[PDB]
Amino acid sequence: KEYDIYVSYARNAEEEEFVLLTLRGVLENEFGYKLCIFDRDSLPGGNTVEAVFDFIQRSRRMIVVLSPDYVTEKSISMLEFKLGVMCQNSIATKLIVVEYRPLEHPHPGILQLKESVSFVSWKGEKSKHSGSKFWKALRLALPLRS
């Protein structure tokens, strides 16, 4: 309804810079999409679970930026993930997995992802340039028009 993409990522500098510099610039300016990024768009205080759930429910898509740090137990990234799985199952929210860094051991959450969920593989610096295979695959997974 209100956002096109909720971007969920691991709260570390490298992956935050991935979202804030590389992902946002392309998603916002080359595709035209309106994003929700919790640390950018949230209000302080209040119930954290309620704020994330509300934001996810108000978004046409949700990107999971998957990396070893994303899946650490008690992380807010896992909170976003689990609430995303919830919204997938309750209101058919479409999730998208951007594979930023491969996981170092299989994670049980991945199997909660419905069949139709797109997996897009980030291959480092070579994926960054416009028209890369990464960007083409992700654009197909996103709404038809902005």
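Quick note: we count residues from 1 along the sequence shown, nothing fancier.
Higher average CA B factor: 103 to 111, of the stretches 103 to 111 and 26 to 34.
Note on 80 to 88 vs 117 to 125: mean CA B-factor is higher in 117 to 125. Looking at the C-alpha B-factors along this chain, the one for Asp39 belongs to the lowest third. Placement of the Cα temperature factor of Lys1 within the chain: highest third of the modelled residues, per the deposited record. Split the chain's modelled residues into thirds by C-alpha temperature factor. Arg11 is in the lowest one.
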